[PDB]
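Asker: Following this line is entry.cif, made up of mmCIF, C-alpha atoms (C1' of nucleotides); chains and numbers go by the auth columns:
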```
data_coords
loop_
_atom_site.group_PDB
_atom_site.id
_atom_site.type_symbol
_atom_site.label_atom_id
_atom_site.label_comp_id
_atom_site.label_asym_id
_atom_site.label_seq_id
_atom_site.Cartn_x
_atom_site.Cartn_y
_atom_site.Cartn_z
_atom_site.B_iso_or_equiv
_atom_site.auth_seq_id
_atom_site.auth_asym_id
ATOM 1 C CA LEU A 1 36.632 -33.887 -55.988 0.00 1 A
ATOM 2 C CA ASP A 2 39.461 -32.375 -53.945 0.00 2 A
ATOM 3 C CA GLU A 3 38.515 -29.764 -51.329 0.00 3 A
ATOM 4 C CA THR A 4 40.501 -27.211 -53.318 0.00 4 A
ATOM 5 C CA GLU A 5 38.316 -27.848 -56.360 0.00 5 A
ATOM 6 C CA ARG A 6 34.929 -27.453 -54.683 0.00 6 A
ATOM 7 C CA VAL A 7 34.526 -23.928 -56.043 0.00 7 A
ATOM 8 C CA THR A 8 31.964 -21.822 -57.902 0.00 8 A
ATOM 9 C CA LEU A 9 32.578 -20.134 -61.242 0.00 9 A
ATOM 10 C CA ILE A 10 31.102 -16.633 -61.299 0.00 10 A
ATOM 11 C CA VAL A 11 30.708 -14.971 -64.690 0.00 11 A
ATOM 12 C CA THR A 12 29.008 -11.768 -65.853 0.00 12 A
ATOM 13 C CA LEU A 13 26.528 -12.509 -68.648 0.00 13 A
ATOM 14 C CA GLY A 14 26.490 -10.658 -71.964 0.00 14 A
ATOM 15 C CA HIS A 15 24.066 -10.315 -74.861 0.00 15 A
ATOM 16 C CA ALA A 16 24.951 -13.450 -76.825 0.00 16 A
ATOM 17 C CA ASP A 17 24.831 -15.322 -73.527 0.00 17 A
ATOM 18 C CA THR A 18 21.168 -14.451 -72.982 0.00 18 A
ATOM 19 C CA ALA A 19 19.885 -13.733 -76.497 0.00 19 A
ATOM 20 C CA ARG A 20 17.864 -16.945 -76.744 0.00 20 A
ATOM 21 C CA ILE A 21 16.879 -16.832 -73.078 0.00 21 A
ATOM 22 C CA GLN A 22 15.256 -13.427 -73.565 0.00 22 A
ATOM 23 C CA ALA A 23 13.899 -14.013 -77.063 0.00 23 A
ATOM 24 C CA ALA A 24 10.290 -14.728 -77.989 0.00 24 A
ATOM 25 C CA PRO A 25 9.353 -18.047 -79.660 0.00 25 A
ATOM 26 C CA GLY A 26 9.704 -18.108 -83.445 0.00 26 A
ATOM 27 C CA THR A 27 12.054 -15.139 -83.489 0.00 27 A
ATOM 28 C CA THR A 28 15.405 -15.386 -85.274 0.00 28 A
ATOM 29 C CA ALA A 29 16.861 -14.137 -82.003 0.00 29 A
ATOM 30 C CA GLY A 30 15.602 -17.327 -80.383 0.00 30 A
ATOM 31 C CA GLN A 31 17.193 -19.526 -83.037 0.00 31 A
ATOM 32 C CA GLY A 32 20.274 -21.684 -82.583 0.00 32 A
ATOM 33 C CA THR A 33 21.966 -23.326 -79.623 0.00 33 A
ATOM 34 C CA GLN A 34 21.984 -21.555 -76.264 0.00 34 A
ATOM 35 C CA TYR A 35 25.312 -21.352 -74.433 0.00 35 A
ATOM 36 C CA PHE A 36 27.107 -19.342 -71.823 0.00 36 A
ATOM 37 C CA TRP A 37 30.488 -18.414 -73.298 0.00 37 A
ATOM 38 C CA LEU A 38 33.217 -19.108 -70.754 0.00 38 A
ATOM 39 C CA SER A 39 36.965 -18.535 -70.652 0.00 39 A
ATOM 40 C CA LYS A 40 39.177 -21.027 -72.472 0.00 40 A
ATOM 41 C CA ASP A 41 41.253 -21.213 -69.283 0.00 41 A
ATOM 42 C CA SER A 42 38.294 -22.596 -67.337 0.00 42 A
ATOM 43 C CA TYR A 43 38.532 -26.067 -68.883 0.00 43 A
ATOM 44 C CA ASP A 44 40.214 -27.309 -65.697 0.00 44 A
ATOM 45 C CA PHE A 45 36.922 -26.535 -63.950 0.00 45 A
ATOM 46 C CA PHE A 46 35.290 -29.259 -66.045 0.00 46 A
ATOM 47 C CA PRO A 47 35.708 -33.023 -66.672 0.00 47 A
ATOM 48 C CA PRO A 48 38.177 -34.204 -69.367 0.00 48 A
ATOM 49 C CA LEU A 49 37.046 -32.900 -72.761 0.00 49 A
ATOM 50 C CA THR A 50 37.313 -36.291 -74.464 0.00 50 A
ATOM 51 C CA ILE A 51 34.051 -36.550 -76.402 0.00 51 A
ATOM 52 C CA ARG A 52 34.731 -35.796 -80.062 0.00 52 A
ATOM 53 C CA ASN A 53 32.558 -34.356 -82.819 0.00 53 A
ATOM 54 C CA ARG A 54 30.816 -37.056 -84.843 0.00 54 A
ATOM 55 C CA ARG A 55 29.997 -34.972 -87.897 0.00 55 A
ATOM 56 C CA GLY A 56 32.035 -31.962 -88.958 0.00 56 A
ATOM 57 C CA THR A 57 35.581 -31.726 -90.268 0.00 57 A
ATOM 58 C CA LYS A 58 36.849 -29.415 -87.530 0.00 58 A
ATOM 59 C CA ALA A 59 37.706 -30.787 -84.095 0.00 59 A
ATOM 60 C CA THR A 60 35.575 -30.095 -81.034 0.00 60 A
ATOM 61 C CA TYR A 61 36.490 -31.507 -77.633 0.00 61 A
ATOM 62 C CA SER A 62 33.449 -31.853 -75.411 0.00 62 A
ATOM 63 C CA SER A 63 32.388 -33.191 -72.027 0.00 63 A
ATOM 64 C CA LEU A 64 28.999 -34.235 -70.670 0.00 64 A
ATOM 65 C CA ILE A 65 27.989 -33.026 -67.220 0.00 65 A
ATOM 66 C CA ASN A 66 25.012 -33.095 -64.878 0.00 66 A
ATOM 67 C CA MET A 67 23.768 -29.512 -64.679 0.00 67 A
ATOM 68 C CA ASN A 68 21.290 -28.642 -61.952 0.00 68 A
ATOM 69 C CA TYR A 69 19.353 -25.672 -63.263 0.00 69 A
ATOM 70 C CA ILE A 70 18.316 -24.386 -59.843 0.00 70 A
ATOM 71 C CA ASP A 71 16.054 -21.602 -61.091 0.00 71 A
ATOM 72 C CA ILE A 72 13.806 -24.062 -62.930 0.00 72 A
ATOM 73 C CA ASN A 73 14.324 -27.160 -60.764 0.00 73 A
ATOM 74 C CA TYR A 74 15.792 -29.359 -63.497 0.00 74 A
ATOM 75 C CA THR A 75 18.861 -31.590 -63.648 0.00 75 A
ATOM 76 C CA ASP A 76 20.055 -32.142 -67.216 0.00 76 A
ATOM 77 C CA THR A 77 22.341 -35.183 -67.313 0.00 77 A
ATOM 78 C CA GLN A 78 23.316 -34.160 -70.840 0.00 78 A
ATOM 79 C CA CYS A 79 24.731 -30.673 -70.321 0.00 79 A
ATOM 80 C CA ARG A 80 27.434 -30.370 -72.965 0.00 80 A
ATOM 81 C CA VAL A 81 30.526 -28.218 -72.477 0.00 81 A
ATOM 82 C CA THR A 82 32.435 -27.780 -75.728 0.00 82 A
ATOM 83 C CA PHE A 83 35.774 -26.337 -76.820 0.00 83 A
ATOM 84 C CA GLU A 84 35.751 -25.330 -80.493 0.00 84 A
ATOM 85 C CA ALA A 85 39.441 -26.179 -80.866 0.00 85 A
ATOM 86 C CA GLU A 86 39.887 -26.030 -84.644 0.00 86 A
ATOM 87 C CA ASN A 87 37.225 -23.379 -85.236 0.00 87 A
ATOM 88 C CA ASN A 88 37.274 -20.187 -83.167 0.00 88 A
ATOM 89 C CA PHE A 89 38.495 -21.293 -79.720 0.00 89 A
ATOM 90 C CA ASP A 90 35.028 -20.805 -78.238 0.00 90 A
ATOM 91 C CA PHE A 91 34.526 -22.400 -74.844 0.00 91 A
ATOM 92 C CA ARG A 92 30.799 -22.965 -74.526 0.00 92 A
ATOM 93 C CA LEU A 93 28.674 -24.139 -71.611 0.00 93 A
ATOM 94 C CA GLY A 94 25.372 -25.564 -72.841 0.00 94 A
ATOM 95 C CA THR A 95 22.387 -23.905 -71.175 0.00 95 A
ATOM 96 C CA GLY A 96 19.539 -24.759 -73.544 0.00 96 A
ATOM 97 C CA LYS A 97 16.975 -25.296 -70.790 0.00 97 A
ATOM 98 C CA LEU A 98 16.882 -21.549 -70.125 0.00 98 A
ATOM 99 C CA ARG A 99 15.708 -20.823 -73.665 0.00 99 A
ATOM 100 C CA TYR A 100 12.526 -18.716 -73.825 0.00 100 A
ATOM 101 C CA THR A 101 12.492 -18.536 -70.018 0.00 101 A
ATOM 102 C CA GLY A 102 13.799 -14.989 -69.653 0.00 102 A
ATOM 103 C CA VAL A 103 15.408 -15.656 -66.281 0.00 103 A
ATOM 104 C CA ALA A 104 18.645 -13.964 -67.312 0.00 104 A
ATOM 105 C CA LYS A 105 19.683 -10.911 -69.305 0.00 105 A
ATOM 106 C CA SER A 106 22.815 -8.810 -69.776 0.00 106 A
ATOM 107 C CA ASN A 107 24.831 -7.841 -66.686 0.00 107 A
ATOM 108 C CA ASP A 108 23.186 -10.649 -64.735 0.00 108 A
ATOM 109 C CA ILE A 109 25.598 -13.049 -63.057 0.00 109 A
ATOM 110 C CA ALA A 110 25.828 -16.762 -63.765 0.00 110 A
ATOM 111 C CA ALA A 111 26.928 -18.827 -60.777 0.00 111 A
ATOM 112 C CA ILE A 112 28.117 -22.326 -61.665 0.00 112 A
ATOM 113 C CA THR A 113 28.828 -24.334 -58.515 0.00 113 A
ATOM 114 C CA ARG A 114 30.886 -27.521 -58.782 0.00 114 A
ATOM 115 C CA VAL A 115 29.479 -30.051 -56.313 0.00 115 A
ATOM 116 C CA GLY A 116 31.109 -33.147 -57.785 0.00 116 A
ATOM 117 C CA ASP A 117 33.536 -34.416 -60.412 0.00 117 A
ATOM 118 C CA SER A 118 30.803 -34.220 -63.041 0.00 118 A
ATOM 119 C CA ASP A 119 28.034 -32.544 -61.037 0.00 119 A
ATOM 120 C CA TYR A 120 27.200 -28.840 -61.237 0.00 120 A
ATOM 121 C CA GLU A 121 24.494 -26.380 -60.194 0.00 121 A
ATOM 122 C CA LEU A 122 23.479 -23.313 -62.190 0.00 122 A
ATOM 123 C CA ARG A 123 22.044 -20.227 -60.516 0.00 123 A
ATOM 124 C CA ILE A 124 21.123 -16.915 -62.110 0.00 124 A
ATOM 125 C CA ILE A 125 22.084 -13.970 -59.923 0.00 125 A
ATOM 126 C CA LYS A 126 19.850 -11.089 -60.989 0.00 126 A
ATOM 127 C CA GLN A 127 21.242 -7.556 -61.051 0.00 127 A
ATOM 128 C CA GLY A 128 20.029 -5.264 -58.282 0.00 128 A
ATOM 129 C CA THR A 129 20.187 -7.997 -55.662 0.00 129 A
ATOM 130 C CA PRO A 130 22.530 -7.900 -52.634 0.00 130 A
ATOM 131 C CA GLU A 131 23.825 -11.304 -53.743 0.00 131 A
ATOM 132 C CA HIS A 132 24.798 -9.771 -57.087 0.00 132 A
ATOM 133 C CA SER A 133 26.563 -6.946 -55.263 0.00 133 A
ATOM 134 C CA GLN A 134 28.541 -9.346 -53.072 0.00 134 A
ATOM 135 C CA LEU A 135 29.353 -11.748 -55.918 0.00 135 A
ATOM 136 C CA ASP A 136 30.351 -9.218 -58.589 0.00 136 A
ATOM 137 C CA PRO A 137 33.792 -8.390 -57.123 0.00 137 A
ATOM 138 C CA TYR A 138 34.781 -12.078 -57.279 0.00 138 A
ATOM 139 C CA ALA A 139 34.710 -11.765 -61.062 0.00 139 A
ATOM 140 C CA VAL A 140 38.166 -10.213 -61.400 0.00 140 A
ATOM 141 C CA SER A 141 39.442 -11.758 -64.635 0.00 141 A
ATOM 142 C CA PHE A 142 38.554 -9.811 -67.783 0.00 142 A
ATOM 143 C CA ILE A 143 37.696 -11.729 -70.942 0.00 143 A
ATOM 144 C CA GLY A 144 36.172 -10.708 -74.259 0.00 144 A
ATOM 145 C CA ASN A 145 35.981 -7.301 -75.899 0.00 145 A
ATOM 146 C CA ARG A 146 32.583 -6.562 -74.378 0.00 146 A
ATOM 147 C CA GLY A 147 33.883 -6.551 -70.820 0.00 147 A
ATOM 148 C CA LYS A 148 33.037 -10.005 -69.519 0.00 148 A
ATOM 149 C CA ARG A 149 34.378 -10.775 -66.055 0.00 149 A
ATOM 150 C CA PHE A 150 34.817 -14.130 -64.363 0.00 150 A
ATOM 151 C CA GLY A 151 36.392 -15.638 -61.274 0.00 151 A
ATOM 152 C CA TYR A 152 36.057 -18.363 -58.667 0.00 152 A
ATOM 153 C CA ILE A 153 34.783 -18.407 -55.097 0.00 153 A
ATOM 154 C CA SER A 154 34.855 -21.107 -52.412 0.00 154 A
ATOM 155 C CA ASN A 155 31.564 -23.013 -52.150 0.00 155 A
ATOM 156 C CA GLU A 156 31.563 -21.996 -48.487 0.00 156 A
ATOM 157 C CA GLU A 157 31.539 -18.225 -48.988 0.00 157 A
ATOM 158 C CA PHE A 158 29.183 -18.467 -51.962 0.00 158 A
ATOM 159 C CA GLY A 159 26.869 -20.536 -49.792 0.00 159 A
ATOM 160 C CA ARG A 160 27.017 -17.829 -47.139 0.00 160 A
ATOM 161 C CA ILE A 161 26.256 -15.058 -49.623 0.00 161 A
ATOM 162 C CA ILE A 162 23.238 -16.835 -51.107 0.00 162 A
ATOM 163 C CA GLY A 163 22.248 -18.634 -47.907 0.00 163 A
ATOM 164 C CA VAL A 164 22.683 -22.209 -49.124 0.00 164 A
ATOM 165 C CA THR A 165 24.357 -25.282 -47.617 0.00 165 A
ATOM 166 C CA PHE A 166 26.815 -27.297 -49.712 0.00 166 A
ATOM 167 C "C1'" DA B 1 11.992 -29.099 -82.477 0.00 1 B
ATOM 168 C "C1'" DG B 2 16.200 -28.016 -80.839 0.00 2 B
ATOM 169 C "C1'" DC B 3 20.954 -28.869 -80.438 0.00 3 B
ATOM 170 C "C1'" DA B 4 25.669 -30.470 -82.975 0.00 4 B
ATOM 171 C "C1'" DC B 5 27.745 -27.847 -86.056 0.00 5 B
ATOM 172 C "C1'" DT B 6 28.997 -23.547 -89.079 0.00 6 B
ATOM 173 C "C1'" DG B 7 31.348 -19.586 -89.766 0.00 7 B
ATOM 174 C "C1'" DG B 8 31.634 -15.099 -89.860 0.00 8 B
ATOM 175 C "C1'" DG B 9 32.750 -10.521 -86.348 0.00 9 B
ATOM 176 C "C1'" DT B 10 35.850 -7.620 -83.481 0.00 10 B
ATOM 177 C "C1'" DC B 11 39.614 -6.165 -80.879 0.00 11 B
ATOM 178 C "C1'" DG B 12 44.484 -6.123 -79.873 0.00 12 B
ATOM 179 C "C1'" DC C 1 45.665 -15.450 -84.850 0.00 1 C
ATOM 180 C "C1'" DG C 2 44.278 -15.845 -79.960 0.00 2 C
ATOM 181 C "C1'" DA C 3 40.151 -15.469 -77.500 0.00 3 C
ATOM 182 C "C1'" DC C 4 35.357 -14.305 -76.621 0.00 4 C
ATOM 183 C "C1'" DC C 5 31.157 -12.317 -79.528 0.00 5 C
ATOM 184 C "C1'" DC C 6 27.434 -13.146 -82.191 0.00 6 C
ATOM 185 C "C1'" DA C 7 23.675 -15.175 -85.482 0.00 7 C
ATOM 186 C "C1'" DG C 8 22.318 -18.511 -87.329 0.00 8 C
ATOM 187 C "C1'" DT C 9 22.011 -23.562 -90.696 0.00 9 C
ATOM 188 C "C1'" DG C 10 20.955 -28.104 -91.168 0.00 10 C
ATOM 189 C "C1'" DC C 11 20.977 -32.684 -89.360 0.00 11 C
ATOM 190 C "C1'" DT C 12 18.923 -35.909 -85.998 0.00 12 C
#
```
Please re-express this file's structure in structure tokens.

Answerer:
Amino acid sequence: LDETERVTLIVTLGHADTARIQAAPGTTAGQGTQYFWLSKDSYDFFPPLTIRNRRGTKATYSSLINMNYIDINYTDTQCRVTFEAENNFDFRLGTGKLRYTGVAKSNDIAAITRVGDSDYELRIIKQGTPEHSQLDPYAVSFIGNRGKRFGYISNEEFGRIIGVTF
DNA sequence: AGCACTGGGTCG
DNA sequence: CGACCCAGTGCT
């Protein structure tokens, strides 16, 4: 991992991003697969999307990564990031371990730090926190029609803002 | 049980 | 019709 690529993806979370995280067990709201929807341009932040869809007629190009859910102390070696190429151009980051946990809601900030070629750490930056205030401006790029914002920050400065050594 | 799939929505 | 948004179904 080149020094230039040791960065953190900051993205403002929406409703669909946290619908299953906030939902109660057995609710329709808490049904389905839990993702964070990212920008399609962020694929260069991830390993080569080479893993193909087994079933299905439409093409999906996926990659498996080690995601370190920091807020729940869990490293999922099977965190799938998928580009729905022939469907709706969704770029999804699997976050199923946060289901029914309620650690994130709308306008919270997801911080995805790249610490290796295939190694990542996921932190939820709750709204109302100084960290959220200092991280929010780094999300300059507007995506979606619901006002999602994303951007990148050096692991250094992010580490300073949240008080963590990388 | 829970995620790989499905397939609409909406805005420009 | 490109690019996120959203709510599931059904297969493993």

Asker: When the PyMOL selection byres ((chain A and resi 60) around 7) is applied to the file above, which residues end up in the set, as a short mmCIF file (atom, residue, chain, number, x, y, z; two decimals) with C-alpha atoms, in the coordinates of the input?

Answerer:
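File produced: part-v9.cif:
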```
data_model
loop_
_atom_site.label_atom_id
_atom_site.label_comp_id
_atom_site.auth_asym_id
_atom_site.auth_seq_id
_atom_site.Cartn_x
_atom_site.Cartn_y
_atom_site.Cartn_z
CA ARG A 52 34.73 -35.80 -80.06
CA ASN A 53 32.56 -34.36 -82.82
CA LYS A 58 36.85 -29.42 -87.53
CA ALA A 59 37.71 -30.79 -84.10
CA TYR A 61 36.49 -31.51 -77.63
CA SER A 62 33.45 -31.85 -75.41
CA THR A 82 32.44 -27.78 -75.73
CA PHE A 83 35.77 -26.34 -76.82
CA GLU A 84 35.75 -25.33 -80.49
CA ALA A 85 39.44 -26.18 -80.87
CA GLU A 86 39.89 -26.03 -84.64
#
```

Asker: Mind running chain A against chain B at 8 Å and telling me each contacting residue's nearest atom pair with the distance in Å (one decimal), counting only C-alpha atoms (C1' of nucleotides), chain and number ascending, as CSV?

Answerer:
```
residue,atom,partner,partner_atom,distance
A:32,CA,B:3,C1',7.5
A:33,CA,B:3,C1',5.7
A:53,CA,B:4,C1',7.9
A:55,CA,B:5,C1',7.7
A:56,CA,B:5,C1',6.6
A:145,CA,B:11,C1',6.3
```

Asker: What is the distance, in Å and to one decimal place, between CA of residue 124 in chain A and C1' of residue 7 in chain C?

Answerer: 23.6 Å

Asker: What residues in chain A have any atom no more than 7 Å from chain C when counting only C-alpha atoms (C1' of nucleotides), and can you write them as a list in words?

Answerer: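 Applying the cut-off to the listed atoms yields residues 16, 31, 32, 89, 90, 143 and 144 of chain A.
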
Asker: Please report the interatomic distance between CA of residue 133 in chain A and CA of residue 9 in chain A in Å with one decimal.

Answerer: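 So the answer is 15.7 Å.
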
Asker: When you draw a straight line from CA of residue 155 in chain A to CA of residue 94 in chain A, how long is it in Å?

Answerer: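 Between these atoms lies a distance of 21.7 Å.
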
Asker: Which residues would end up in the selection if the PyMOL selection byres ((chain A and resi 74) around 12) were applied here, given that I need the answer as a CSV table (one decimal) with C-alpha atoms, keeping the file's coordinate frame?

Answerer:
```csv
chain,number,residue,atom,x,y,z
A,66,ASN,CA,25.0,-33.1,-64.9
A,67,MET,CA,23.8,-29.5,-64.7
A,68,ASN,CA,21.3,-28.6,-62.0
A,69,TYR,CA,19.4,-25.7,-63.3
A,70,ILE,CA,18.3,-24.4,-59.8
A,71,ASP,CA,16.1,-21.6,-61.1
A,72,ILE,CA,13.8,-24.1,-62.9
A,73,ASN,CA,14.3,-27.2,-60.8
A,75,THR,CA,18.9,-31.6,-63.6
A,76,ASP,CA,20.1,-32.1,-67.2
A,77,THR,CA,22.3,-35.2,-67.3
A,78,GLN,CA,23.3,-34.2,-70.8
A,79,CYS,CA,24.7,-30.7,-70.3
A,95,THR,CA,22.4,-23.9,-71.2
A,96,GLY,CA,19.5,-24.8,-73.5
A,97,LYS,CA,17.0,-25.3,-70.8
A,98,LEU,CA,16.9,-21.5,-70.1
A,120,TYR,CA,27.2,-28.8,-61.2
A,121,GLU,CA,24.5,-26.4,-60.2
A,122,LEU,CA,23.5,-23.3,-62.2
A,123,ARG,CA,22.0,-20.2,-60.5
```

Asker: Give the answer as one residue: which of A:114, A:132, A:105, A:54 has the shortest atom-to-atom distance to residue 14 in chain A, using only C-alpha atoms?

Answerer: A:105

Asker: With the file shown as input, list the residues that the PyMOL selection byres ((chain A and resi 15) around 12) selects, as a PyMOL selection string.

Answerer: (chain A and resi 12-14+16-23+29+34-37+104-108+146-148) or (chain C and resi 5-7)

Asker: Provide range 59-75 of chain A rebuilt to N, CA and C atoms, formatted as an mmCIF file, keeping the file's coordinate frame.

Answerer:
```
data_model
loop_
_atom_site.group_PDB
_atom_site.id
_atom_site.type_symbol
_atom_site.label_atom_id
_atom_site.label_comp_id
_atom_site.auth_asym_id
_atom_site.auth_seq_id
_atom_site.Cartn_x
_atom_site.Cartn_y
_atom_site.Cartn_z
ATOM 1 N N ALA A 59 37.717 -30.085 -85.370
ATOM 2 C CA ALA A 59 37.706 -30.787 -84.095
ATOM 3 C C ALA A 59 37.026 -29.983 -82.993
ATOM 4 N N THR A 60 36.148 -30.651 -82.253
ATOM 5 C CA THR A 60 35.575 -30.095 -81.034
ATOM 6 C C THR A 60 35.767 -31.105 -79.912
ATOM 7 N N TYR A 61 36.227 -30.629 -78.762
ATOM 8 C CA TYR A 61 36.490 -31.507 -77.633
ATOM 9 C C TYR A 61 35.514 -31.200 -76.506
ATOM 10 N N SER A 62 34.580 -32.117 -76.286
ATOM 11 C CA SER A 62 33.449 -31.853 -75.411
ATOM 12 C C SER A 62 33.411 -32.772 -74.199
ATOM 13 N N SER A 63 32.631 -32.371 -73.203
ATOM 14 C CA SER A 63 32.388 -33.191 -72.027
ATOM 15 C C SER A 63 30.925 -33.098 -71.621
ATOM 16 N N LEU A 64 30.381 -34.205 -71.129
ATOM 17 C CA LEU A 64 28.999 -34.235 -70.670
ATOM 18 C C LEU A 64 28.938 -34.153 -69.154
ATOM 19 N N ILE A 65 28.119 -33.235 -68.654
ATOM 20 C CA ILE A 65 27.989 -33.026 -67.220
ATOM 21 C C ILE A 65 26.530 -32.984 -66.786
ATOM 22 N N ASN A 66 26.318 -33.244 -65.499
ATOM 23 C CA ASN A 66 25.012 -33.095 -64.878
ATOM 24 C C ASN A 66 24.836 -31.668 -64.382
ATOM 25 N N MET A 67 24.003 -30.895 -65.070
ATOM 26 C CA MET A 67 23.768 -29.512 -64.679
ATOM 27 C C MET A 67 22.445 -29.368 -63.943
ATOM 28 N N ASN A 68 22.506 -28.891 -62.706
ATOM 29 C CA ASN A 68 21.290 -28.642 -61.952
ATOM 30 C C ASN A 68 20.841 -27.197 -62.092
ATOM 31 N N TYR A 69 20.055 -26.937 -63.130
ATOM 32 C CA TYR A 69 19.353 -25.672 -63.263
ATOM 33 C C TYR A 69 18.479 -25.460 -62.032
ATOM 34 N N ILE A 70 18.969 -24.625 -61.121
ATOM 35 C CA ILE A 70 18.316 -24.386 -59.843
ATOM 36 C C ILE A 70 17.070 -23.520 -60.001
ATOM 37 N N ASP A 71 17.127 -22.574 -60.931
ATOM 38 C CA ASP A 71 16.054 -21.602 -61.091
ATOM 39 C C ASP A 71 14.809 -22.199 -61.741
ATOM 40 N N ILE A 72 14.943 -23.394 -62.307
ATOM 41 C CA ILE A 72 13.806 -24.062 -62.930
ATOM 42 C C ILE A 72 13.666 -25.502 -62.446
ATOM 43 N N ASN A 73 14.398 -25.840 -61.387
ATOM 44 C CA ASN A 73 14.324 -27.160 -60.764
ATOM 45 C C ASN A 73 14.498 -28.311 -61.750
ATOM 46 N N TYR A 74 15.596 -28.310 -62.499
ATOM 47 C CA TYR A 74 15.792 -29.359 -63.497
ATOM 48 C C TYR A 74 17.248 -29.777 -63.623
ATOM 49 N N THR A 75 17.503 -31.077 -63.522
ATOM 50 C CA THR A 75 18.861 -31.590 -63.648
ATOM 51 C C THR A 75 19.076 -32.288 -64.988
#
```
